[PDB]
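Residue numbers (this note's numbering), protein chains in the order written: chain A, 4 to 90; chain B, 90 to 294; chain C, 52 to 131; chain D, 296 to 376.
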Amino acid sequence: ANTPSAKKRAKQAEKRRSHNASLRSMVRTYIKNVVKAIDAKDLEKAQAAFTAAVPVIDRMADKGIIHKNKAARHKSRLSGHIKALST
Amino acid sequence: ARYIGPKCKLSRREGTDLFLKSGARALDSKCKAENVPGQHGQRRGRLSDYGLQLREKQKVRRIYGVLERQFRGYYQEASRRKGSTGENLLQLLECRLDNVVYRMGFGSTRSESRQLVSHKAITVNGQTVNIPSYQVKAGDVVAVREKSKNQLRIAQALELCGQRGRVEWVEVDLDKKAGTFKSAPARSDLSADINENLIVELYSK
Amino acid sequence: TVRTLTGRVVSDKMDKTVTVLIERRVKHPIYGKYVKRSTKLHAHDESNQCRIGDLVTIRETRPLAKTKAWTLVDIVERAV
Amino acid sequence: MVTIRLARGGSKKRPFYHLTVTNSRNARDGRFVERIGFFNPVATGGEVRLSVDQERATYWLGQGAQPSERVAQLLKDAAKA
RNA sequence: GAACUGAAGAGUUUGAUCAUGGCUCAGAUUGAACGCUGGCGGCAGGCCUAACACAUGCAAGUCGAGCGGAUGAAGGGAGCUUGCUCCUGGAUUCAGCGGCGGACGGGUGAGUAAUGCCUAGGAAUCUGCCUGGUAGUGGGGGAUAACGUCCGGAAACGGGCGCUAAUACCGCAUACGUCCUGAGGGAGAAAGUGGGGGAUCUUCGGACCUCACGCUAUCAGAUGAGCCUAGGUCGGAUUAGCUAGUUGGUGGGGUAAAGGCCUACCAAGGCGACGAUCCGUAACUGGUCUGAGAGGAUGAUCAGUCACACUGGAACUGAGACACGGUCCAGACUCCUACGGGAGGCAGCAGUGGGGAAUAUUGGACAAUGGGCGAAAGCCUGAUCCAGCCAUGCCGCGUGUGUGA
RNA sequence: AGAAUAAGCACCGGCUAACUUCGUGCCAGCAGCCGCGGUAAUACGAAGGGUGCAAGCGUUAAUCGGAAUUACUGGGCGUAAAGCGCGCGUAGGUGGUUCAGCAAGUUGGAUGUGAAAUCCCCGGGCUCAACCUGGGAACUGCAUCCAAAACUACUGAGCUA
Ligand SMILES: [Mg+2]
Ligand SMILES: [Mg+2]
Ligand SMILES: [Mg+2]
Ligand SMILES: [Mg+2]
Ligand SMILES: [Mg+2]
Ligand SMILES: [Mg+2]
Ligand SMILES: [Mg+2]
Ligand SMILES: [Mg+2]
Ligand SMILES: [Mg+2]
Ligand SMILES: [Mg+2]
Ligand SMILES: [Mg+2]
Ligand SMILES: [Mg+2]
Ligand SMILES: [Mg+2]
Ligand SMILES: [Mg+2]
Ligand SMILES: [Mg+2]
Ligand SMILES: [Mg+2]
Ligand SMILES: [Mg+2]
Ligand SMILES: [Mg+2]
Ligand SMILES: [Mg+2]
Ligand SMILES: [Mg+2]
Ligand SMILES: [Mg+2]
Ligand SMILES: [Mg+2]
Ligand SMILES: [Mg+2]
Ligand SMILES: [Mg+2]
Ligand SMILES: [Mg+2]
Ligand SMILES: [Mg+2]
Ligand SMILES: [Mg+2]
Ligand SMILES: [Mg+2]
Ligand SMILES: [Mg+2]
Ligand SMILES: [Mg+2]
Ligand SMILES: [Mg+2]
Ligand SMILES: [Mg+2]
Ligand SMILES: [Mg+2]
Ligand SMILES: [Mg+2]
Ligand SMILES: [Mg+2]
Ligand SMILES: [Mg+2]
Ligand SMILES: [Mg+2]
Ligand SMILES: [Mg+2]
Ligand SMILES: [Mg+2]
Ligand SMILES: [Mg+2]
Ligand SMILES: [Mg+2]
Ligand SMILES: [Mg+2]
Ligand SMILES: [Mg+2]
Ligand SMILES: [Mg+2]
Ligand SMILES: [Mg+2]
Ligand SMILES: [Mg+2]
Ligand SMILES: [Mg+2]
Ligand SMILES: [Mg+2]
Ligand SMILES: [Mg+2]
Ligand SMILES: [Mg+2]
Ligand SMILES: [Mg+2]
Ligand SMILES: [Mg+2]
Ligand SMILES: [Mg+2]
Ligand SMILES: [Mg+2]
Ligand SMILES: [Mg+2]
C-alpha cells in the first residue's frame with residue numbers, strides 16, 4: 004500500500020477476519036449438531052440441541068456477524084423439521 | 090473587416106449610382122463612370138442570370154459596406170424573421186449604426202461615418218458604442234459627444250447633407266446634433282429600383 | 052384489475068406447465084403494412100387442466116421457475 | 296444524505312447558480328431529482344438576483360434535506376421577503 | 001396568443017435528335033491535416049493511431065470532545081542566587097490503538113450483439129450518513145498495541161518474555177417496539193464523552209438535575225441499489241440445425257430476496273426460416289450533421305446508464321466492493337540485493353520515448369462553488385476556479401479620412 | 001504623442017464572375033468533367049489588367065444533398081438491365097353478398113410518463129454579436145381506462161352472380 008490509512012485498514016481487516024471466522028465456525032457448529040440430531044431420528048436430543056442453539060444463533064444475528072433474515076430462516080426451518088419428527 | 094482601395098473604380102465596374110464619395114462636384118466628371126475598368130472596358134458584356142444575382146448582391150454590399158460572412162448572417166436572420174424576408178433583409182440591414190449616423194447627416198461618406206463611429210465619438214443614450222454594426226432600436230436618441238459638437242467635419246457633413254432629401258420617418262433636431270428613430274422604414278421608402286426578390290432567389294440555390 | 056393476456060395452447064408435455072401462443076399484428080415502421088407476429092410464453096398449470104388447443108387467459112406473477120413467470124387464471128374456451 | 300446546493304452554470308467570470316436537490320454523492324452538476332430556483336451573482340438591468348419555489352423547498356425540508364451554508368443563507372434571505 | 005413558411009439545375013455517348021443510363025459539378029458541415037501568408041479581443045475546443053512501455057514531481061486524508069503514552073509551555077512559590085531545578089498546575093505538538101472517509105469525485109471504451117441500453121410495467125428485497133415518532137443507555141471480565149528487555153536480519157522488520165488504556169472485545173441485568181414458535185411458552189442489546197448547576201449522601205471524587213455530541217432495539221419517510229416480464233437494438237443462409245443442468249416437478253440446501261441458483265431422484269423435454277446456432281463487427285441513449293419532408297449517416301463536446309483498471313483468478317472488511325493510487329496466488333516485463341528475500345503498475349494531472357498526416361505547460365491558489373474529516377477553529381482536494389501554447393471553430397474590430405487633373 | 005504600425009490567397013475556355021502580350025512548339029507542362037499544347041495557345045510558364053474571398057485562401061480525406069440513381073411518400077421489366085421453359089401445390093398474402101353480435105384493428109377523450117440540457121417562439125446581460133440565462137412551446141413515442149360501430153378481423157345464421 005501507499006497511504007498509511009490503507010495499511011491501517013488492511014491490518015484492522017485481518018484482525019476482523021481472524022475474529023469473525025471463529026464465531027461463524029461456532030454458529031455453523033451449533034446448527035450442524037442440531038441437523039445431525041434430527042437426521043439421526045431422535046427427538047429428545049434434538050429438543051436439547053435446538054434449545055441450546057437458538058440463543059447463540061440469535062445473539063450472533065444481533066451481533067452483526069450474520070444477517071437476521073438468515074437466522075430467522077434457520078430457526079423456522081429447523082423448528083418445522085423437529086415438529087415433523089414429533090409425529 | 091473593411092474595404093480599402095479606389096472608391097470609383099467600383100462605380101465604373103458596376104456602372105450605377107454606388108454612393109462612395111462626398112458628392113461635392115458630381116458623380117460623373119471624375120472617372121468617366123460609364124465603362125468597366127481595365128483594358129477591356131468598353132464591352133457591355135451581356136451576362137447570364139448568375140451574373141444578375143452576383144451583380145446586384147455586390148451592388149448592395151458595396152453601397153452598405155458589409156462583408157459577406159456578416160451579410161449572410163444578416164440574410165439568415167431575415168429569413169428567420171417572418172413576413173416576406175425580401176424586405177426584412179433591407180429593413181434589418183438599414184438599422185446599422187454607421188449607416189444611421191451617415192443618413193442622420195453626421196458624416197460625409199459611409200467610410201467617414203465609420204471613421205467617426207469607430208473612434209468613439211457618437212452616443213446612443215450617452216453610452217459609448219463604437220461597433221459599426223450596432224442595430225439601433227427605434228426610439229434611441231443617437232447623438233455626438235458634447236465634447237465633439239465643436240468639430241468642423243460634422244458641420245461640413247451636415248451642411249452638405251442639408252440638401253439630399255427627407256426620409257419622413259425620423260425626427261431630427263439639428264441644433265444639438267442629435268437624431269431620433271420612431272419606427273422601422275417601409276419598403277416603399279427606399280429606392281424602388283433594385284428588387285429584393287432576386288437576392289433571395291440567389292441565396293435559395 | 053389484473054393485466055391478463057389471451058392466447059392459444061400449443062404444447063403441454065411438461066408437468067404443471069403450458070405453452071401459450073399470443074398473436075399480435077404490428078405495423079411495419081416504414082411500409083405501413085401490418086404483419087402478424089407471435090410470442091411463446093410458459094404458464095403454470097397447477098392442476099394440469101389445460102389440454103392442447105384450448106384458448107385461455109394468463110396473468111403476470113413472480114417467477115415460478117426459470118423462464119416461467121405467468122399463471123393461467125381460467126380457461127375461456129376448450130378444444131374439440 | 297440528499298442535500299440542496301448550488302450548480303454552477305453560466306460563463307467564465309459570469310457565474311449563475313441553479314439551486315439543485317441532489318444526492319450528496321454526485322457531481323456538482325450531475326443527476327438530481329428536482330430544481331427549486333436560481334441565483335444570479337451579476338444581476339444588472341432587469342435581471343433578478345434570486346428566485347426560489349417556496350412550496351417545493353418546504354416539502355424537501357420536511358423530508359429532511361440538509362441545505363448548504365450559502366444555500367441556507369440565501370433561502371433565509373428570500374424567506375425574509 | 002409565438003413556437004415555421006418548404007422542394008432550382010448544369011456538363012458529358014451523336015453528323016444531328018429523342019429516350020435510357022452511369023460519371024462529374026454548383027450547397028451545408030468536420031475534434032480535421034497540408035501549402036502560401038499572418039494584427040487584436042471575447043466564447044469554446046484540443047492523441048481520432050500503440051487499452052504500446054514508462055524517469056522524477058503532485059493527484060485522500062481527518063478527529064486530542066474516544067484512548068494510554070510523551071512534548072509538557074505561562075505561572076502561583078521555594079532553594080542557592082539572577083540561572084537552573086523542583087511542588088502544584090499547565091497552553092501546544094503526535095508515533096500507536098480507536099471512529100469515519102477511502103465503493104465518492106476523476107479516467108478510458110478493451111470487452112460486450114445481450115445478465116448491456118431504450119420504452120412500459122411488477123413482487124418476493126436490502127439500505128450508513130438525513131428527517132419524523134417510540135423505548136433505553138445498568139452492572140462485570142479477559143486481553144493487546146505503543147512502552148521495556150532478549151534473540152535474529154541488508155531492509156521492510158520477525159520472534160520470546162512483562163505490564164497498561166478506552167467510544168477496542170466478550171459474558172451478565174431486563175424486552176413499549178422485534179423473531180421465530182400454531183394458540184402454549186420461549187428467543188434475542190446499549191458507550192460513554194464535553195458544559196453547567198438548586199438541594200441531598202459524600203473526597204456537590206462521585207451520586208443527582210439540565211444541555212450538547214454520541215450509542216442501542218424498532219415503525220415510517222425519502223435517497224440509493226438488487227430481482228422479474230413484454231417490445232425494440234449491426235451484417236452474413238456461400239452459417240440449418242442448437243441444447244443432457246439442458247426443459248419441467250418433488251424433497252433439501254442457499255441468498256437480503258423469487259429462481260436449476262446448487263444438489264438427489266422423476267419424465268424427455270426445450271429453442272428454431274417471425275432466422276435458433278455460428279462467423280465478423282460494435283459500448284448504448286438523450287442527441288449531432290444533413291434533408292422540403294419521409295429518410296440517410298453518425299454517437300467528437302455536455303448529461304444518464306454499462307464495463308474495465310499490467311494479464312488471469314479468489315475471497316476478506318462494510319450499509320454498500322469482488323475494490324482506479326487495498327489483500328492473496330500465478331504469469332510477463334523493468335529494478336534493488338548482504339543471494340536469505342524484496343519492489344512496481346500514469347485508461348488520475350503536467351511530462352518523455354515510440355506510432356502517426358497530426359493534437360499543447362514537468363504553471364498557480366483554496367479566492368469562489370462542491371467533497372472528506374471535526375461541535376468549533378482548520379487541514380486535505382491536478383475535482384473545481386484560473387493562467388500557458390495552438391488562425392482549430394464561431395463572433396467582433398483594426399491596417400485610416402476628405403479634397404486632389 | 002503620433003496615419004503613424006498591421007494584406008494575403010485562389011482564379012480568369014465552357015459548366016462559373018473575370019483578357020491581352022511575350023517564350024516554347026504533341027516538348028516542357030495543366031486538369032473536377034469535357035479536354036488544351038505540334039511555330040499568333042484568353043486552357044502551358046511568365047508579365048501587365050481584371051474577378052472572387054479576406055486574417056485568412058486554397059488543397060486533400062469523410063457524410064448527407066442534388067440522385068425520382070433502392071422510387072413508403074416516389075421508378076421500372078415487347079425492342080435500353082429486368083417475366084422463372086411450363087404446371088401442381090405447402091407456409092404466407094388477399095376474400096362475392098345479407099342479418100345479428102363482439103370490440104382486436106380503427107376513431108375521439110381523459111390520466112401517467114416521455115430526466116436535464118440541445119432544436120423552435122417571446123424576453124433579459126455583457127458597448128452588439130459569439131456566449132450566458134427566464135418563461136413557454138415541442139418531444140410524432142409508450143402504457144391504463146371511457147365512449148362510437150362505417151370499414152377490416154372474430155362468432156352465429158343465411159343467399160346464389
Ligand atoms: Mg446477552
Ligand atoms: Mg445489533
Ligand atoms: Mg473576421
Ligand atoms: Mg463530335
Ligand atoms: Mg440524350
Ligand atoms: Mg497522530
Ligand atoms: Mg465514473
Ligand atoms: Mg482514447
Ligand atoms: Mg459473436
Ligand atoms: Mg464498543
Ligand atoms: Mg427482452
Ligand atoms: Mg440430474
Ligand atoms: Mg417447484
Ligand atoms: Mg428442485
Ligand atoms: Mg434467472
Ligand atoms: Mg442469423
Ligand atoms: Mg462505434
Ligand atoms: Mg471494439
Ligand atoms: Mg452503433
Ligand atoms: Mg466497449
Ligand atoms: Mg435543419
Ligand atoms: Mg430529397
Ligand atoms: Mg474521448
Ligand atoms: Mg454520462
Ligand atoms: Mg469492477
Ligand atoms: Mg480484476
Ligand atoms: Mg500497459
Ligand atoms: Mg494484479
Ligand atoms: Mg460484511
Ligand atoms: Mg481502491
Ligand atoms: Mg495508478
Ligand atoms: Mg496524463
Ligand atoms: Mg511524439
Ligand atoms: Mg514520428
Ligand atoms: Mg468550501
Ligand atoms: Mg497532501
Ligand atoms: Mg484565435
Ligand atoms: Mg493552417
Ligand atoms: Mg463567364
Ligand atoms: Mg491552373
Ligand atoms: Mg505565342
Ligand atoms: Mg496560363
Ligand atoms: Mg435518395
Ligand atoms: Mg454523391
Ligand atoms: Mg428506371
Ligand atoms: Mg440487345
Ligand atoms: Mg413465359
Ligand atoms: Mg419456384
Ligand atoms: Mg398454383
Ligand atoms: Mg392457403
Ligand atoms: Mg367481405
Ligand atoms: Mg383469411
Ligand atoms: Mg388511441
Ligand atoms: Mg427534454
Ligand atoms: Mg358499443
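We put the beta carbon where it would ideally sit given N, CA and C, even for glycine.
> With respect to the beta strand (DSSP E) encompassing residue 58 of chain C, which residues constitute its N-terminal and C-terminal limits?
Replying inline: Here the beta strand (DSSP E) through residue 58 of chain C covers 55-62.
>> Excluding the 5 residues flanking residue 126 of chain B on each side, which residues of the same chain have their C-beta closer than 7 Å to its C-beta?
In response: 98, 101, 102
> Between residue 186 of chain B and residue 225 of chain B, which are expected to be in contact by the criterion C-beta below 8 Å, what is the C-beta distance as a whole number of angstroms?
Replying inline: 6 Å
> Can you tell me where the beta strand (DSSP E) with residue 94 of chain C in it begins and where it stops?
Replying inline: 85-95
> Regarding residue 158 of chain B and ligand 3, is the C-beta to nearest heavy atom distance less than 8 Å?
Replying inline: yes
> What is the rounded straight-line gap between the Cα of residue 212 of chain B and the Cα of residue 232 of chain B?
Replying inline: 5 Å
>> By the DSSP assignment, the beta strand (DSSP E) with residue 261 of chain D in it spans what residues?
In response: Outside the displayed span of chain D (296 to 376) sits residue 261 of chain D, for which this structure offers no information.
> How close, in whole Å, do the beta carbons of residue 292 of chain B and residue 164 of chain B come, if the pair is a contact with beta carbons under 8 Å?
Replying inline: Taking 8 Å as the upper bound for CB-CB distance, residue 292 of chain B and residue 164 of chain B are in contact here, some 6 Å apart.
> Which word fits residue 258 of chain B, buried or exposed, when buried means at least 16 other C-beta atoms lie within 10 angstroms of its C-beta?
Replying inline: exposed
>> For the segment 106-116 of chain B against the segment 184-204 of chain B, do three or more pairs of beta-carbon atoms, one drawn from each stretch, fall closer than 8 Å, so that the two count as touching?
In response: The answer is yes - the segment 184-204 of chain B touches the segment 106-116 of chain B, with three or more Cβ pairs under 8 Å.
>> Only counting the same chain, and skipping five residues up and downstream in sequence, which positions put a Cβ closer than 8 Å to that of residue 217 of chain B?
In response: 209
>> Since residue 140 of chain B and residue 123 of chain B should fall inside the 8 Å C-beta cutoff, what is the C-beta to C-beta distance between them, to a whole number of angstroms?
In response: In fact, because the Cβ distance is near 18 Å, the residues do not count as touching under 8 Å.
>> Taking 8 Å as the cut-off, does the segment 72-84 of chain A touch the segment 32-40 of chain A (at least 3 CB pairs, one atom from each stretch)?
In response: yes
> CA-CA distance, residue 323 of chain D and residue 301 of chain D?
Replying inline: Each residue's alpha carbon lies about 8 Å from the other.
> Helix, strand or coil: which one does DSSP assign to residue 57 of chain A?
Replying inline: Residue 57 of chain A: helix per DSSP, three-state reduction.
> According to DSSP, what are the bridge partners of residue 111 of chain C?
Replying inline: C/121
> Do the segment 336-343 of chain D and the segment 361-375 of chain D touch if we need at least three Cβ pairs shorter than 8 Å?
Replying inline: no
> In or out: residue 276 of chain B buried (at least 16 other Cβ within 10 Å) or exposed?
Replying inline: exposed
> Does DSSP put residue 302 of chain D in a helix, in a strand, or in coil?
Replying inline: Correct three-state label for residue 302 of chain D: strand.
> Is residue 17 of chain A helix, strand or coil by DSSP?
Replying inline: helix
>> Going by the DSSP bridge assignment, what does residue 270 of chain B pair with across the sheet?
In response: The beta-bridge partner set that DSSP reports for residue 270 of chain B consists of B/259.
>> To the nearest angstrom, how far is the alpha carbon of residue 215 of chain B from that of residue 227 of chain B?
In response: 16 Å
> Would DSSP call residue 137 of chain B helix, strand or coil?
Replying inline: coil
>> How far does the beta strand (DSSP E) with residue 183 of chain B in it extend, from its first residue to its last?
In response: Counted as a single uninterrupted DSSP element, the stretch harbouring residue 183 of chain B is not any beta strand (DSSP E) but the alpha helix (DSSP H) occupying residues 174-183.
> Is it the case that the Cβ atoms of residue 30 of chain A and residue 59 of chain A are separated by a distance below 9 Å?
Replying inline: In this structure, residue 30 of chain A sits near residue 59 of chain A, with a CB-CB distance shorter than 9 Å.
> Under the DSSP definition of a beta bridge, which residues are partnered with residue 353 of chain D?
Replying inline: Per DSSP, none; premise fails for residue 353 of chain D.
> Ends of the alpha helix (DSSP H) at residue 160 of chain B?
Replying inline: Boundaries of the alpha helix (DSSP H) around residue 160 of chain B: 157-169.
> Alpha carbon to alpha carbon, how far is residue 15 of chain A from residue 8 of chain A?
Replying inline: 10 Å
>> Considering only the alpha carbon of each residue, which of B/202, B/132, B/180 lies closest to residue 247 of chain B?
In response: B/202
> Taking buried to mean at least 16 other C-beta atoms within 10 Å of its own C-beta, is residue 109 of chain B buried or exposed?
Replying inline: buried
> Any heavy atom of ligand 15 within a distance shorter than 8 Å of the CB on residue 91 of chain C?
Replying inline: no
> Closest by CA to residue 281 of chain B, which one among B/268, B/222, B/176, B/181?
Replying inline: B/176
> In chain order, what residues of the same chain lie with their CB nearer than 8 Å to the CB of residue 279 of chain B, ignoring the 5 residues before and after it?
Replying inline: 179, 183
> So, is residue 314 of chain D buried or exposed, given that buried needs 16 or more other C-beta atoms within 10 angstroms?
Replying inline: buried
> Which one or two residues does DSSP pair with residue 116 of chain C in a beta bridge?
Replying inline: Note: residue 116 of chain C sits in a beta bridge opposite C/119.
> Can you name the start and end residues of the beta strand (DSSP E) that residue 74 of chain C belongs to?
Replying inline: 68-78
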